[PDB]
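Trainee: whatever this is, show me its structure:
(one chain, ligands or ions: 1)
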Amino acid sequence: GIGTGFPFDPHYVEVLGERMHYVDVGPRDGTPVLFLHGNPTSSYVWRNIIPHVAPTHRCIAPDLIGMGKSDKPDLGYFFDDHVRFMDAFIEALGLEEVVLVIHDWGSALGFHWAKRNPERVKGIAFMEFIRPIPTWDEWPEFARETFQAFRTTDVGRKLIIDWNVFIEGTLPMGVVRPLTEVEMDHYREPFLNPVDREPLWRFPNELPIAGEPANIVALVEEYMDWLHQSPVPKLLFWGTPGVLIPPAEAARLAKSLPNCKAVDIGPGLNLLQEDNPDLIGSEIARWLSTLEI
Ligand SMILES: [Cl-]
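Mentor: Numbering: from 1, shown residues only. Next comes the structure:
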């Protein structure tokens, strides 16, 4: 069934003094499609989606700094750090116009970049994306107590850094179907050493929940306001019950956002790519054929 391999030849580019790894496949010409993963994944999360798009479009899938095969500088790994590295990655590859395919923290990066570079975005496909979570009641009940505990320097660092709970617990709890041992080993590989787990803990502490942190909430509100008035073509994938995006929120956005098509992938939590990669990939390819790219 769902592929477990990661066949892609490694590419690296140096930005801000550090190497970022990326997948780069597909034809060399045309408008490239840039795939941005989130927490606690890597370009591995796109492995079964890219092959539907790569016949006809260049596919670029970087690993965020400190994640995947990318370098591990001694950083706080705040969202702001990821913004600087991704801004530099995009420019270092000489990308001009792009289509974005974005998920989780990759979607905050993608939307924030699109807001600041709107002339260069030809379309955005997005799923299980960062939006303001106004209260803890709007976080899924099944995941509420653990995410509240993650957002502390005592229990949260014990769980995420020392016990590897984000990889061993939260990740499988973000996929409806069972992950195999081989898939788990691909997700574990960047984080075998606890000293390398800072991004896994800082990311949930950056999530915009109940107004906190104020700076992230403001930045996310700004890109959501931009998205609501942007003519950019939009493709929204969602599942039931979801995690960041409940079905009601997907339906609300499908109506409120200009030029937006929405696609139900079936059962899904956070890593929709792991529950229905073939629908996501095939639908991205079909939608791309309708764009002026
Ligand atoms: Cl997170």
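Trainee: C-alpha from now on. contacts and neighbour counts both.
Mentor: Noted.
Trainee: next to the ion, which bits of the stretch 101-250 of the chain? Give me the list.
Mentor: Taking Cα under 5 Å from the ion as the test, the list of the stretch 101-250 of the chain residues beside the ion reads 203-204.
Trainee: in the stretch 101-250 of the chain, what residue is nearest the ion?
Mentor: Each residue of the stretch 101-250 of the chain has a distance to the ion, by Cα to the ion, and the smallest belongs to residue 204, at 3.7 Å.
Trainee: just checking, that residue touches residue 150?
Mentor: Yes: judged on Cα atoms under 8 Å, residue 204 makes contact with residue 150 at a distance of 6.8 Å.
Trainee: looking just at contacts, which helices and strands does the host helix or strand of the residue of the stretch 101-250 of the chain closest to the ion meet?
Mentor: Under the criterion DSSP states H and E, the helix or strand holding residue 204 is helix 198-206. Helix 198-206 sits against helix 141-150, with contacts defined as 3 or more Cα pairs under 8 Å, 6 or more residues apart in numbering; DSSP states H and E.
Trainee: run the chain-centre distance for the helix it packs on.
Mentor: A distance of 20 Å separates the C-alpha centroid of helix 141-150 from that of its chain, computed with Cα atoms, centre = their mean, to the nearest Å.
Trainee: what angle sits between it and helix 198-206?
Mentor: Per axes from the mean of the first three to the mean of the last three Cα atoms, to 10 degrees, the angle that helix 141-150 makes with helix 198-206 is 110 degrees.
Trainee: could I have helix 141-150 exported to PDB, CA atoms only?
Mentor: Output in PDB follows, covering the C-alpha atoms of helix 141-150 (Å, rounded to 0.1, in the frame of the first residue of the first chain):
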ATOM      1  CA  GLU A 141     -10.200  17.400  23.600                       C
ATOM      2  CA  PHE A 142      -8.200  14.200  23.000                       C
ATOM      3  CA  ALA A 143      -5.000  16.200  22.700                       C
ATOM      4  CA  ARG A 144      -5.600  19.100  25.000                       C
ATOM      5  CA  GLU A 145      -3.900  17.900  28.300                       C
ATOM      6  CA  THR A 146      -0.700  16.900  26.600                       C
ATOM      7  CA  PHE A 147      -0.300  20.100  24.500                       C
ATOM      8  CA  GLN A 148      -1.000  22.100  27.600                       C
ATOM      9  CA  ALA A 149       1.800  20.200  29.400                       C
ATOM     10  CA  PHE A 150       4.100  20.600  26.300                       C
END
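Trainee: what is the helix or strand that that helix is followed by packed up against?
Mentor: Sequence-wise, the next helix or strand downstream of helix 141-150 (DSSP H and E) is helix 155-157. Using 3+ Cα pairs under 8 Å, 6+ apart as the contact criterion, the neighbours of helix 155-157 among helices and strands are helix 141-150.
Trainee: other residues contacting the helix it packs on?
Mentor: Residues from elsewhere that reach helix 141-150, judged by Cα atoms under 8 Å, 6 or more residues apart in numbering: 136, 155-157, 159-160, 201, 204-205.
Trainee: please redo it, this time with the cut-off set to 10 Å
Mentor: Defining contact as Cα atoms under 10 Å, 6 or more residues apart in numbering, one finds that helix 141-150 is touched by 136-140, 155-160, 165-166, 170, 173-174, 200-205, 207, 209, 243.
Trainee: what subset of those is buried?
Mentor: With neighbours counted by 16 or more other Cα atoms under 10 Å, those contain buried members at 138-140, 156-160, 165-166, 170, 173-174, 200-205, 207, 209, 243.
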